[PDB]
Structures are given as structure tokens and as C-alpha cells.
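Analysis of the macromolecular model
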Amino acid sequence: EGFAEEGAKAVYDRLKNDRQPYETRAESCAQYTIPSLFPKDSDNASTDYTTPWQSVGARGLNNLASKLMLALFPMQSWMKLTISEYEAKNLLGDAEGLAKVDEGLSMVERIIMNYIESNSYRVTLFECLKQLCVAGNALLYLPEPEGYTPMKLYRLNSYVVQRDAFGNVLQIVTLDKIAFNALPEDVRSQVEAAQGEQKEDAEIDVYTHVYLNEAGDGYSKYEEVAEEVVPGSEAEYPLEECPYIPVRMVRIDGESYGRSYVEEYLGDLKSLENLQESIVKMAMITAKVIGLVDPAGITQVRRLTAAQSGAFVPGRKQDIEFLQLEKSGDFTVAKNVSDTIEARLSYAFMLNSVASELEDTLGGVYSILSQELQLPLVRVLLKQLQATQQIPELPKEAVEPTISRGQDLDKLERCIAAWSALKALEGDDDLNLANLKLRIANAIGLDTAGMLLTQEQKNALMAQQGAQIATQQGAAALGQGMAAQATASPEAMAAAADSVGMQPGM
Amino acid sequence: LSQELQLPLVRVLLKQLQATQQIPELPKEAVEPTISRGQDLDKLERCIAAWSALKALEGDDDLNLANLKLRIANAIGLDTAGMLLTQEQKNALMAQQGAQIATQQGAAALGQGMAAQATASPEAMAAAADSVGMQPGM
Amino acid sequence: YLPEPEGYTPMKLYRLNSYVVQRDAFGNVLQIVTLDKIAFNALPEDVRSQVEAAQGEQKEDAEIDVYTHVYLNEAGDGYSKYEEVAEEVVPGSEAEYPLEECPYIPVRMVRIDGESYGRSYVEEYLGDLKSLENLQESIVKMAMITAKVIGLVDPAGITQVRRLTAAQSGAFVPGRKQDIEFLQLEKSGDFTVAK
């Protein structure tokens, strides 16, 4: 237990120091965009989050999280299952053998989507994305499938991770605070024999420590409650499929954590906050009404306040003056710079002022997240569903690209239109139509495996068509033949009615 | 970047996938240009449209349509290898088309012939019902 | 660098301050060296034992520098690759690659002959970025000056500002408008020129 000699709690306390710069930077980012997202670990229920003086941070952060969610996890099939084409062709035969396999792979994808949707993963995905944008570090843990099981998201100030300078993960420790009654019975008794008698709703710190095991590649997981491991939680996970996946956006090499997206534009938010602050303060000065009456004048204001709706009272207009705020020229200067900072911050998020300029910028934001978040989540789910017999046992040769189907539909539709154009050239004896169809498919990029009719398959279509013609023509000839025979001669008409059970004459 | 990045990445992948049997062993005569498919689709679609316009001239005995089709392909730039039907390949098309007509017309005559023979005469109707296991009269 | 295919294998990207390359004026690559810092436990056992017998006892999470050297071999065309950890080669990493197929491909944009490295695309426009940085900074600085509000009242006047601040939302107080003036930033003509 080289990574676990001291214990799960000791590692969490030691590594907490390295997490401090990221926590502090996350609180600053949240203070300007949305204060409620990242409280500073000292805020209890009796803390009010004052709205930032500018609304660009909140509007931009919500928009970016939604746009990322829509692109990363669209309505259907953001992943696919692909088998090695060269290997599959050798093991199988040809024609529909590959097509049949693709049904099995496609069926597995639909089960993955159903499992994700039925367990409300999209709720946790959207919460993770908001945390990633403002904090940039989030930990999501996928528990073993058992009925309705939604995965849990760990905020930055709930877990700790140590990474190498190479970039690989060495150990992960998370903190949970479960009440005494909510703990499992064996764990509940263990605490009773460690810290004496505990209250019914007493918070108990629970640590789980996932660390890179020695020698063979993998991960070792255990849980400790008071100071010692629970009677059993020891779990072995390989690198590819580990339930605890620490996701970070904007990753800098040599760092154990990622950097938030708002941090890049935090300074512009600070300047906008200050400029927007002074503008409103000027308006409240403007709100107050002060009447400056000249002491050297003759007008007595006691007559004005005591006057009725319309009245004639002694006085002069020049005596009464109203103090109004100057700096009209200053006001325009502040708005112009404030407008400029808002305009550039609007483009930084996915906010319109353009249509063909924000997707391309968006394309680079979630490129890291596909490998960091999408791919590990599918790998863990596939193993978990295989264990619980939710999906058939995969042959281990299937690879998972996260696409945001794909070109399969477009290539089929493109060659179909091209083939339809080649339909107008039929009846031509000079041109080799069959070769042109093969050339078109190669140009489009289809596999051309089984799309052509072999000689045996040509005969099968002829036999099926021939039986249809024989039945269609045979039924007509048989139908009218019996009716002609039945109605021929009145005697046979009586016999025909006798066969069906009727009596001649009514 | 096409020469600096795209080309070396493909070259390393081609060798690495052959070693792990991910792709069939290349004959070492294959060269890869990185295009940013290609003109092959455009040449085929353009050549088809020209032939479709030439299809309006079919039935003309003055003009050599077969020569013009070859000239059109040369102007577009296709390889013109295998697009023309050889005399042996023309025979296969007639043989396949002829077999369809024989089967299509044979099935109609056979189906109508069998039904007519079965339904002729009341006693042959009963014999036909006996063959399929049915009983005359309900 | 493209590693050998083994299941799911993603290629590694080396930043500029992680590797080093030597090229000739002809442009051909002579040698490439990469530096990696892997923790002691993450290293393979054969390498891990070698470090144990080289630098003594090592901490579990101690970063270990690993150098991979790819150089143009003598005589025949090719590249020779080996890895050394402390000061000597590992038990085995000797790999030979042809010129066309080498996993370590140093990609550069805007290449200048006689140089071992490329030049970035931003360098061609860094001067404009610096010039725009200074102008944009000063424009924001002026707005913050404008953000502050100061009331300049004439000491020779009769208006007492103690009455204005102590008044309510509506009030009649002695004073004159001419006494109270507000300092506002000038240079409206400058602001357009800088903008």
C-alpha cells in the first residue's frame, strides 16, 4: 500500500494544500458570474449571495453551459460502436454478415442511451458542465448499476486528486458526510465501536481512496470511516474503466487540476463590474431631489409647500434652483467603454451580437471534453452493463468514437442520388452501367461489400418474382374457372348450391 | 502543414497498422496524397450529365454515338477503362435479360395453365381438391 | 509522438519546453531528445528497479526524468532510439526506424531554412497586438477616471454642503447652483483619436 501507508484521511489532508489555489480561483470566478454556484466552504444556509453589478457573467455562463450540453450530448447517438473492418471480414463471410453485426452494435448504442436517459444522467452532466466552466474541475462517480442509480458529482471542494508531471492520475480521495442513521448497518456498528455512541443524525466523514496499484496496471479502491478500512470495500479497476473519472477543461501539463473557462476572461469581468457599478451609483445620486433656493432672494418656500393644487403665491423663479448632476459628457464615456467590454465578453461566450463565427469558436471549447469526459464515461458504462447482463458480451474488439452514425447516412444518401442520375442512362449498350455504379461508390466512399447482387442472389429474385406472377395469374384463372364450371347448365347450378349448403329457389 | 503534419502522420499509421495486422499488407507501391476521393466524384457526375444530354440524340443514324461517348470521357478526363461494354459483356446482358422474360412469361402461362386444367370438368375439380388434401363440399 | 498501437492508445503531444531537436541548414533532422517526468510508481518494474539501484531509495510519487534520444544512425539511412533514466540506457529500448516512418515527427509552421525550429504565426502580427494592447489599456484607464465622481464647490460661495447630504429625497435648502460644480474628465477629442 505504498500510496496508502498513511491512510485515506491523511492523504486527503496533505493534498488539500495543493487544491487551495484552485478553490480560491474558483470562488473569485463564481463571485462575478453566479455566486451561488461555488460557495466558499464557510457559507451556511444563512448566507445571501448578492447579485453582481453586471449581468454579462451570469447570462454568458448559463448560455455557454447550455450550448456545451447541446453540442456534447445531443438528442441521440453522440457515440457509436465500430468494429475493425479488416478483422471482421476475415472472421465472418461477406454480404450481410457485416450488416448483421452492425445491428448488434447499433442495438448496444440504443441500450446505452436508454440507460443514460432513464437514470437522468443529463441532469448531472449539465451540473458538471456548469462546474467545469466556473471551476473547471469536477469529479463524477458512476456507481454499479442497481435499479434506478444516478451517478454522483463531486464539487472541487469535496475531493482531491494527485497527478504526475506526465499527466496520469496517481490517486484520488473524496470526502462524504453521511448521517449516522443513513450509514449501512455494518459501518454503523463500526463507528459505534470507534467513537462511542453517536447521535441519530450525526455527520460522519467517509473517505474513499482510489490509488494506482503497484506492479500491474490498475487502481485499488478502499473506504475508511473513522481511522480504519471498512470490513469490505476493496475493489480493483483497470485504467480504462474506473468509476471515478476526474474531468477538467483547459488542462495545463504538470498540473493536477484544470483551469476554469471564466478565469481566462475574469479580468474583463472585473473591469465591467467596476464600470457598471459607478454608472448605477450615478443614477441613485440623480434620483435624489434637492431644491437650492437663494437666501438672498425674496421667495419663501413655506408658501410653496403649504399651497394647494393650483395657487398664486409671492416669489420669483430665479430664487428657486434645482441641483442636478453634471458629468453628462462623462456618462457617455463610461457607457462606451462599458459597452465595448460587454461586446467582447459576449463573443467570448456563445452569445450573439456571427452564426458561422460562434460554432467554430465553440468547436475548440469541447474538443478536450470529448476525450476527457465523453469517452471515459462510455468505457465505464459498457463494462458495468456487461457485468449485469444489460448488454451482450462484447468481443473486446469494438472501439468507441464519440462523434458530435455520422457519415454513414450522408454517404448512402449521396450515392443514392448519384445512382439515380445514372438511372437516366439505362438502356444504353455502349456504357458499362455496372462498372459505373462501382466507380461511383468508390468515389463516395461506401464499402461496396454486399451491395452488388451475385448470380445466386439474381436467381433468388427471379424465383421470388416468378412465384408471385404464377400465384397472381393462377388465382385469377382458378377463380373464374370454378365460377364458369359452377354456373354452366342449370343442373350444375343446383349442385353448386348444394355443395355450399343452399337450396335452389326461394 | 499538409507536408509537415498530415503526410508523416499517415505514413507512420500505415506502417504501424500493417505490423499489428490492422490493414492488409500493402504492396509498397501505394502513394498517398493528402487532399483538402477528390476529383473522381466530380469527373463522374460531370461525365454522366454530358452523356444524359447526348441521350437526347439517340436513334440518330448519322452520328456515331459510341465514338462521341468516348470523346466526352476523354474531355472530362476519366480513365475510360472498363466503362465500355465488350461484345462478350453485351452477350451476358442479353442472356440475363432474356432469362427474366422467359421466367416472367413462363410463370404466367404455368400458373394459368395449371389453374385451367384443375378447374376444367367437375370431377377434375374434385381430383384437384384431393391433391391438396381438401374435401369436395363443406 | 505516435506510440505503438495497443488497444486504446492516444498519441502524445510534446510542448516546446519538453523536447529538443537539431536540424541542419539542409533541413534534415539529426537528433531529437524528449524529456518526461514520471512518478516512481508509474514507471515499469524493470525501470523502477534500475532507479532503485541507481539513486537509492525513491519516494512513491517522486518525479523521475526519462530521456528518449532519437538520432540519425551512422552510414545507412535510419534513426536509432534509446531511453535512459538516470545516466545509462534502460535494459532495453533500442528501436530502429526508417526515415519515412518515424513515430517522433517534429511539426513546425512558418519554417525558415537554416533553423532547427519553426516560427509561430502570431509573431508576424505580434507588433500590432502590442500596439493594440497599449491603446486598449489606456482607453479603459480613462473610463475608470470617469467612473469617479467629485463635486468641486467654490470656497468663496455661500452654499454649505452639509445641508445637501443631510437632506431627504425632497428638500429646500439654502444655496446656489453656481457654487456646486462637478469635475468631469476632458479629452473627448483624444478619446475619438485613440478609438
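Scroll up to find the structure this text is about.
Below is a short write-up of the structure. (Residues numbered from 1 in each chain as written, not as in the entry; some residues may be left out. Chains lettered and ligands numbered in written order. Part of a larger assembly, values for the part shown. Heavy atoms only, no water.)

To continue, consider the overall build of chain B. Broken down by element type, chain B carries five helices and zero strands. Radius of gyration (C-alpha) of chain B: 30 Å, far over the 14 Å computed for a compact globule of 138 residues. Counting only C-alpha atoms and orienting by the principal axes, one finds that chain B spans roughly 90 × 60 × 30 Å. Counting every atom, chain B has about 9500 Å² of accessible surface; 57% of that belongs to carbon and sulfur. Each charge class in chain B can be summarised by its mean position, and for the 10 positive and 15 negative side chains these summaries are 11 Å apart. (Helix = DSSP H or I, 4+ residues; strand = E, 2+ residues; numbered from the N terminus. Rg over C-alpha atoms; globule rule 2.2 N^0.38 Å. Areas by Shrake-Rupley, 256 points an atom, 1.4 Å probe, with all protein chains shown as cover. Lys, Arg positive; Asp, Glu negative; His and termini not counted. Charge placed at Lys NZ, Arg CZ, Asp CG, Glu CD.)

Once that is clear, we can look at the overall build of chain A. Each helix and strand in chain A was counted, giving 16 helices and twelve strands. Against the globule reference of 23 Å for 506 residues, chain A gives a C-alpha radius of gyration of 38 Å, more extended than a compact globule. A principal-axis box enclosing the C-alpha atoms of chain A has dimensions of 135 × 80 × 70 Å. Counting only residues that meet the buried cut, chain A has 42% of its 506 residues in that class. Only carbon and sulfur atoms are counted for the fraction: they give 53% of the accessible area of chain A, which is about 26500 Å². If the 44 positive side-chain charges of chain A are averaged to one point and the 73 negative ones to another, these points end up 10 Å apart. (Buried < 20%, exposed > 50% of the residue type's maximum accessible area, 1.4 Å probe, protein only.)

Right, let's get into the nonpolar core. Ranked by size, the top nonpolar core spans 104 residues in total, and within it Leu142 and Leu377 of chain A carry the most contacts. By residue number, the principal contributor to this core is helix α1 (residues 8-32) of chain A, which donates nine residues. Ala418, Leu422 and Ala441 of chain A together with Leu78 of chain B belong to the second-largest nonpolar core, a separate cluster that totals 21 residues. (Core = buried A, V, L, I, M, F, W, Y, C linked by side-chain atoms within 4.5 Å.)

For the rest of this paragraph, the subject is the interface of chain C and chain A. Each side of the interface is counted separately: chain C has 44 residues, and chain A has 46 residues. Taking both sides of the interface into account, the surface hidden between chain C and chain A amounts to around 4000 Å²; carbon and sulfur atoms contribute 62%. Among the residues chain C hides against chain A, the three largest losses belong to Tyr8, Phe172 and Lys177 of chain C. Together they make up 18% of the total. Joining chain C to chain A, the criterion identifies two salt bridges. (Contact = heavy atoms within 4.5 Å. Buried area = accessible area lost by both parts, 1.4 Å probe. Salt bridge = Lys/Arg side-chain N within 4 Å of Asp/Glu carboxyl O.)

All right, on to the sheet that holds strand β6 (residues 203-212) of chain A then. Residue and element names in this part refer to chain A. One open sheet accounts for five strands, arranged β4-β5-β6-β7-β8; its pairing is antiparallel. Unpaired on one side and paired on the other, β4 (159-163) and β8 (235-237) mark the two borders of the sheet. Averaged over all pairs of adjacent strands, the angle between strand axes in this sheet comes to 15 degrees, irrespective of strand direction. Two elements, β6 and strand β7 (residues 219-224), share six bridges in a ladder whose sense is antiparallel. Looking at β7, one finds that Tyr211 is bridged to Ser220. (Pairing = 2+ DSSP bridges. Axes fitted to C-alpha atoms, helices over the stretch in contact; angles between N-to-C directions.)

Moving on, we get to the sheet that holds strand β10 (residues 291-293) of chain A. Read from one edge to the other, the open sheet built from three strands follows the order β11(A)-β10(A)-β7(C), with strand pairing classed as mixed. The sheet is open, and its two edges are formed by β11 (320-322) of chain A together with β7 (172-174) of chain C, each paired on a single side. Averaged over neighbouring strand pairs, the angle between their axes works out to 40 degrees when direction is ignored. Two elements, β10 of chain A and β7 of chain C, share three bridges in a ladder whose sense is parallel. When the sheet's bridge partners are listed, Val293 of chain A is paired in β7 of chain C with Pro174 of chain C.

Right, let's talk about helix α14 (residues 433-444) of chain A for a bit. With twelve residues, α14 of chain A extends 17 Å from end C-alpha to end C-alpha; this agrees with the ideal 16 Å at 1.5 Å per step. Turning to α14 of chain A, its buried residues number three or more, namely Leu433, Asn435, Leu436, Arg439, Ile440, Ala441, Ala443 and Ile444 of chain A. For α14 of chain A, the secondary structure elements touched by its buried residues are α13 (407-423) of chain A together with α2 (39-55) of chain B. Backbone geometry just downstream of α14 of chain A places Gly445 of chain A in the positive-phi region, at approximately 120 degrees. (Expected span 1.5 Å × (residues − 1).)

Let's shift gears to helix α8 (residues 266-287) of chain A. The end-to-end C-alpha distance of α8 of chain A, which contains 22 residues, comes to 32 Å, matching closely the 32 Å that a straight helix rising 1.5 Å per residue would cover. Within the sequence span of α8 of chain A, burial applies to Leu266, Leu269, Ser271, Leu272, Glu273, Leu275, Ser278, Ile279 and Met282 of chain A. Tucked inside the fold, the buried residues of α8 of chain A contact α1, α2 (56-72), α7 (261-264) and α10 (328-348) of chain A together with α2 (126-147) of chain C.

Take the interface of chain A and chain B next. Contacts between the two partners involve 40 residues from chain A and, on the opposite side, 43 residues from chain B. Where chain A abuts chain B, roughly 3400 Å² becomes buried across the two surfaces, and 61% of that area is made up of carbon and sulfur atoms. Of all residues in chain A, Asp430, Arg439 and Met462 of chain A bury the most surface against chain B, accounting for 17% of the area lost on that side. Applying the counting criterion to the chain A and chain B interface returns five salt bridges. The partner of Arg439 of chain A in a salt bridge is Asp79 of chain B, and the shortest N-O contact between them spans 2.5 Å. For the interface between chain A and chain B, the tally reads 14 residue pairs in polar contact. (Polar contact = N/O pair within 3.5 Å; in protein donor to acceptor, adjacent residues only side chain to side chain.)

Inspection of the entire model under this criterion finds eleven aromatic pairs over all chains. Taking the centre distance of 4.4 Å and the plane angle of 15 degrees together, the rings of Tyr141 of chain A and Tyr244 of chain A count as stacked. Remark: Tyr244 of chain A occurs in strand β9 (residues 244-248) and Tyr141 of chain A occurs in strand β2 (residues 137-141); sequence separation between them is 103 residues. A relative accessible area of 6% means that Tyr244 of chain A is categorised as buried. Members of the aromatic cluster, each reached through a chain of ring pairs, are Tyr261, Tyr265 and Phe349 of chain A. The side chain of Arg25 of chain A reaches across the aromatic face of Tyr22 of chain A, ending 5.0 Å from its centre. Positioned above the aromatic ring of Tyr14 of chain C is the side chain of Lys12 of chain C, whose terminal nitrogen or guanidinium carbon lies 4.8 Å from the ring centre. (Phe/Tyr/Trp six-rings, centres within 6.5 Å; stacked < 30°, edge-to-face > 60°. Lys NZ or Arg CZ within 6 Å of the ring centre and 35° of its normal.)

Structurally, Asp77 of chain C is set in the loop between β3 (63-72) and β4 (79-84). Between the alpha carbons of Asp77 of chain C and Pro98 of chain C there is a distance of 6.7 Å; along the sequence they are 21 residues apart.

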